[PDB]
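[1] Coordinates only, no sequence provided:
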Ligand code: HEM
Ligand code: HEM
Ligand code: HEM
Ligand code: HEM
């Protein structure tokens, strides 16, 4: 991911105001709700029938926390995404058998969650910077 | 693209029996017919309205010859697809603005054309090897 | 294929969108142009700068089209047929661009209607926009 | 949205497919398993070897389902509703796997009916299989 200095500054400032423990879990839950075939991977979590049961699952919240921790590592090293996400790419490709399109879907859901939380603060330029950030993260995972 | 020695031997033997001048144009015309939005990139080729007008276009036939020659050049360099398809990737991304998904579509259409020609000689293992080959070529072009 | 639940969900969501549809569509188009610059190739005659009157008018047009699609959700292939011919036969738009515009519309709705953007409403709107994108892309 | 012309094309193509539907479906499943091994994860109880009776029976089932879908092309969400519930609610299959199976079906049809596989018939069958994949994936 190549970003302008202004784009990097904007991305980091919005990221600081991010409540990780909440927004990671709700991004994962919205992914599971909007794209219901993704519940095949998370059947072990438990009750994932209704949207309110998905969004009120402690396992979903904890896994969203882990996913956002991985996302924050990518923001720290945007110049080495491929080397940062090598182990996660191996796990998702060889052990989990997740289609690479689901990575893009989760990135888009994360962008939607950020827009939901920040409102006016999530301006079109900030969204473009975050869009190419999550695109780079998805490409690193798909390797 | 990593192939077994048997897969490489089978792929090359079928490729020798390939009539380049016909099947390249056949694949390009079938792409233009099945996925009609791809005619936006070739509106300079003349009449492309009906399927018979698409399949009877000398410009389409010549461009299919060039696309098959690139596929043959890539097949000869299966271990260096990224370096082989660098100039073409630059042309298709920076200059033509073609989607990466469209390259996968053309590979699938080429596989369908090969099956249509070989018939019984095309076999599920040969098809699997050719699928890996065309997936590698599409990934190299999409870089 | 939409269900009655997500049909009522999208109807309520667009009803509460209401009179801000034109500005919402203009902002969605601006977001698509900024984050996916390859989509700008379909508008070579436009002024694609910030605050452009052409972009504002086209966003209003897209918003009214979405409103009439919502009003005729059960008969979309016939209600949206003039747009289907425009986008599929004449413009020859890649469906990936429709996916990008649907994503930008969802982002605009999330940014402007936080309370209304529940996960169920988000899924309903995603499915409705996907259905709209299929009808415009399809040639029939 | 399928065109009236593509509907006649798929009807004629599958009519000429006729009584070889079970073998064609078994071969399409074998091709999908061989070229896309990630699709094998949906059949952990199956014997996915060459010439497998389980694969042959499942190919026969898929072929009969496709025949019914062809016979009920205008009311697919109603005719295919039990399969839609099976694949979407219970199995939860990724639509990319549906795309892969549709491609393998197209490859089998190309390899077995060269004369019938004109470009127009190919486009019609592609659109028909995409429509079938949409209904099974959708939950409604
Ligand atoms: C797109 C960005 C993604 C990121 C950054 C990410 C991150 C992670 C991380 C850090 C883990 C480790 C969890 C642990 O160690 O306990 C993990 C595991 C996992 N991921 Fe992802 N992931 C992504 C996409 C996806 C998607 C889209 C799916 C499914 C559709 C998925 C399915 C899974 C599953 C099933 C696990 C294992 C859960 C468990 O062991 O309890 N991942 N992911
Ligand atoms: C594996 C996929 C593909 C391969 C191997 C391939 C190969 C080629 C080659 C060899 C050329 C000639 C370049 C030159 O003469 O300098 C070319 C040009 C071109 N390609 Fe592709 N191509 C692929 C996919 C596509 C697709 C899917 C489209 C459109 C949907 C496309 C659109 C074009 C166009 C418009 C040109 C220029 C034609 C012209 O200048 O007359 N390409 N490509
Ligand atoms: C996804 C939902 C979409 C809707 C509801 C929609 C709706 C419309 C409407 C109402 C018009 C005006 C037609 C007229 O005034 O006669 C139009 C025109 C147009 N659309 Fe779309 N559209 C959509 C997607 C797209 C996308 C994704 C693109 C390109 C990336 C696109 C490209 C165009 C272009 C180039 C025009 C011509 C406008 C002009 O020349 O002034 N459309 N569309
Ligand atoms: C046009 C596409 C498809 C059609 C027409 C189709 C049709 C069918 C039919 C008729 C059955 C039997 C249901 C029953 O006996 O009650 C079935 C079951 C099943 N399908 Fe599909 N299917 C399609 C695509 C797929 C794909 C792409 C996958 C996975 C990659 C898949 C996975 C399964 C599984 C796992 C079963 C259960 C079979 C068993 O447990 O014995 N289906 N499908």
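    That came in fine, so what should we check first? Numbering: from 1, shown residues only, chains lettered A, B, ... in the order given. Ligands and ions are numbered 1, 2, ... in the order given.
[2] the helices in the chain, which residues?
    Just going to use chain A. A:5-16, A:20-34, A:51-55, A:58-76, A:81-84, A:86-90, A:100-118, A:124-142 (DSSP state H).
[3] Chain C was what I was after
    Using DSSP H, helices in chain C cover C:4-17, C:21-35, C:53-71, C:76-79, C:81-84, C:95-112, C:119-137.
[4] So what's the gap between the fifth one and the chain middle?
    This means helix C:81-84. Distance of helix C:81-84 from the chain centroid (Cα atoms, centre = their mean, to the nearest Å) equals 14 Å.
[5] Next one: that helix, is it in contact with chain B?
    No. Helix C:81-84 stays clear of chain B (Cβ under 8 Å from any Cβ of the partner chain), getting no nearer than 12.6 Å. Yep, even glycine has a C-beta here, placed from its N, CA and C like the rest.
[6] Buried residues in that helix, which are they?
    Neighbour counts using 16 or more other Cβ atoms under 10 Å in any protein chain shown place C:83-84 of helix C:81-84 among the buried residues.
[7] give the contact list for the closest residue to residue A:81 other than its chain neighbours.
    With Cβ to Cβ, 6 or more residues apart in numbering or on different chains as the criterion, residue A:81 has its nearest non-adjacent residue at 3.9 Å, and that residue is residue A:140. Applying Cβ atoms under 8 Å, 6 or more residues apart in numbering or on different chains to residue A:140 gives the contacts A:74, A:81-82, A:84-85, A:89.
[8] Which residue, neighbours along the chain excluded, lies closest to residue C:5?
    Residue nearest to residue C:5 in three dimensions, not counting chain neighbours: residue C:124, with 7.4 Å by Cβ to Cβ, 6+ apart.
[9] again but with residue C:68, I slipped
    residue C:79 is the one closest to residue C:68 (Cβ to Cβ, 6+ apart), at 6.3 Å.
[10] With residue C:73 instead?
    Sequence neighbours aside, residue C:7 is the residue nearest to residue C:73 in space, at 5.7 Å (criterion: Cβ to Cβ, 6+ apart).
[11] need the contact list for that neighbour.
    Here residue C:7 is in contact with C:73-74, C:124, C:128 (Cβ under 8 Å, 6+ apart).
[12] And residue C:13, by the same measure?
    Counting by Cβ under 8 Å, 6+ apart, residue C:13 has contacts C:109, C:113, C:116, C:121, C:124-125.
[13] Repeat that for residue C:126.
    A:34, C:102, C:106.
[14] before we move on, the earlier item: may I ask which two of the contacts of residue C:7 are separated the most?
    C:74 and C:124 (14.8 Å; Cβ to Cβ).
[15] OK, now which residue of chain C is nearest to ligand 2?
    In chain C, no residue comes nearer to ligand 2 than residue C:94, which is 8.7 Å away by Cβ to the nearest ligand atom.
[16] Need phi/psi at that residue.
    For residue C:94, the backbone dihedrals (degrees, to the nearest 10) come out as phi -70, psi 130.
[17] what's around residue 19, how many residues?
    If you meant another chain, say so; for now it's chain A. Other residues within reach of residue A:19, judged by other Cβ atoms under 10 Å in any protein chain shown, total 11.
[18] To clarify, I was referring to chain C.
    For residue C:19, the count of nearby residues is 8 (other Cβ under 10 Å).
[19] Spell out which residues of chain A are next to ligand 1.
    Applying Cβ under 6 Å from any ligand atom, we find that chain A lies next to ligand 1 at A:38, A:41-42, A:63, A:66-67, A:70-71, A:88, A:92, A:96, A:98, A:102-103, A:106-107, A:138, A:141.
[20] one more time with 5 Å, if that's ok
    Taking Cβ under 5 Å from any ligand atom as the contact definition, chain A meets ligand 1 at A:38, A:41, A:66-67, A:70, A:98, A:102-103, A:106.
[21] In ChimeraX, select just the buried ones from these.
    Listed next is the ChimeraX selection for buried residues among the residues of chain A next to ligand 1, using 16+ other Cβ under 10 Å:
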select /A:38,67,98,102,103,106
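[22] Residue numbers of chain C in contact with chain D?
    C:1-3, C:77, C:84, C:134-135, C:138-140.
[23] Which among the residues you listed count as buried?
    Buried among the residues of chain C next to chain D by 16+ other Cβ under 10 Å: C:1-2, C:84, C:134-135, C:138, C:140.
[24] So which of those is the closest to chain B?
    In terms of Cβ to the nearest Cβ, no member of those lies closer to chain B than residue C:138, at 10.2 Å.
[25] ok, now which ones touch that closest one?
    C:77, C:84, C:88, D:1.
[26] and ligand 1, which of the residues you listed contact it?
    Restricting the contacts of residue C:138 to contacts with ligand 1 (Cβ under 5 Å from any ligand atom) yields no residues.
[27] from those residues, which two are the most distant?
    Farthest apart among the contacts of residue C:138 by Cβ to Cβ are C:77 and C:88. That separation is 11.9 Å.
[28] what does chain C put close to chain B?
    So chain C meets chain B at C:38, C:41, C:88, C:92-96, C:137, C:139 (Cβ under 8 Å from any Cβ).
[29] And the residues you listed, which of them are buried?
    Looks like the residues of chain C next to chain B have C:88, C:92-96, C:137 buried, using 16+ other Cβ under 10 Å.
[30] Now the two most distant members of the contacts of residue C:13.
    Greatest spacing in the contacts of residue C:13, by Cβ to Cβ: C:113 and C:124 (13.3 Å).
[31] Among the two, which residue is more densely surrounded?
    Each of residue C:113 and residue C:124 has its neighbours counted (other Cβ under 10 Å); residue C:124 has more, 23 against 17.
[32] In CSV, list the helices of chain C along with distance to residue A:117.
    Listed next are the helices of chain C as CSV, based on distance: least, Cβ to Cβ, whole Å:
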stretch, distance to residue A:117
helix C:4-17, 18
helix C:21-35, 17
helix C:53-71, 24
helix C:76-79, 32
helix C:81-84, 33
helix C:95-112, 9
helix C:119-137, 13
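[33] between those helices, which gets nearest to residue A:22?
    Of all the helices of chain C, helix C:119-137 comes closest under Cβ to Cβ, at 13.8 Å.
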